[PDB]
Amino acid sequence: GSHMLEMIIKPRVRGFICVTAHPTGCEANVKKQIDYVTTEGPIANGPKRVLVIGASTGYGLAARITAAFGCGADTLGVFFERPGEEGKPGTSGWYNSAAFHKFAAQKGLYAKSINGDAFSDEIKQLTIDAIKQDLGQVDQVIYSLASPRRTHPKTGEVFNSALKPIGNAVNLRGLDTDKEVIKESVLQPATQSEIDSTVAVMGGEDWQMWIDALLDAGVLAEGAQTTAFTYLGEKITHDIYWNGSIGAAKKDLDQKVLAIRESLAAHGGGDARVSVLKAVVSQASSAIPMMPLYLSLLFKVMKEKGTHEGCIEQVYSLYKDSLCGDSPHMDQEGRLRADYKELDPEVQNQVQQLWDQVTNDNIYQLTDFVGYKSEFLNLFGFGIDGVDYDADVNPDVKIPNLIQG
């Protein structure tokens, strides 16, 4: 009666939230990303020992897969996910990470993971301990956390991030993905306390605390390199993103990367860069006002140009061109740029024109909302080819070498 312990798992979506995840589908999604990387080919001169903070979904998962299956790296991942249990599917990041460990072992690559709050001292200590035991040191640290809150590791204060404009309220158009309607709403500007809290969570302090802690522990190698992911976006997103409260946080990253680069470049010519990536569908981005509509438009325009990319394609090129290659593709600030295809003037102009014309009636003629919906479901392991969604599956999937914080 093994079906008592198993279930048929279907999507249960509410706005930008899906409360279920499919273990087999997440495994298939991970395999697809791995197969992309191995199909593209290896990346020369990559790091061989990598710490990825935020390693279970989205860009961080893509970085772990790229490092491991592209650069041949041993990888230590840190993330914050819910394991499955009977009757209750775990989070997609849990199942993604289970799959990553399975495939890494098949290839003879080291994979160990730590599940817990990355903002906490405990998790940093557990991470230091794992590196010491296993790897000696790491050559690269990827900082790829997206979180709505942070408990300060010293004072215990809980900071909450806000996704609001700064200065003036803004009329933002968007797509209500449940009702499938184009709708506007007015978002009020952030208070100073809200801006400060957002910087506390998504700014660069914790990144700094990580690098310093690893440094003080002697677990970073000569020539070590670290990067945190950021988003600048097209001008149309500037009100809510770059010049909003979240932008105040990402701008803080810029006030961190200098000190970090300074510490590493003395340590064997190591380096640090904020890396700027394109918008993609993710658990994080889907929750940002305007983003489902913007993404649906951007996908259409970029597909027409042959330049559309998801997480894995974006990060593979970041490693190949910029982190390990001869094309930092530097901007005037010293950031690594991998987002130029989204920011091309002809792309921005086309997105802007469509933005002004889209209505309930022409959604499927003017946008790639179909593609948006598909990629969103894929995040949670749904709609993946070759997966039998009618078969019972055990939601309790275990991960070897998983340290629970």
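We number the residues from 1 along the sequence you see.
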{"property": "Which of 356-364 and 64-72 has higher mean CA B factor, as the PDB entry lists it", "result": "356-364"}
{"property": "Higher-scoring stretch by recorded Cα B factor average, 326-334 or 111-119", "result": "326-334"}
{"property": "Largest Cα B-factor, entry values, listed residues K154, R261, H308, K278", "result": "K154"}
{"property": "Highest-ranked of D321, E313, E81, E304 once sorted by CA temperature factor in the record", "result": "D321"}
{"property": "Where the record places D271 (Cα B-factor, split into thirds across the chain)", "result": "lowest"}
{"property": "Relative C-alpha B-factor of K48, binned into the chain's lowest, middle or highest third", "result": "highest"}
{"property": "B-factor third for the C-alpha atom of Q283 within its chain", "result": "middle"}
{"property": "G381, C-alpha B-factor rank within chain (lowest, middle or highest third)", "result": "middle"}
{"property": "Third assignment of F299 from its chain's C-alpha B-factors", "result": "lowest"}
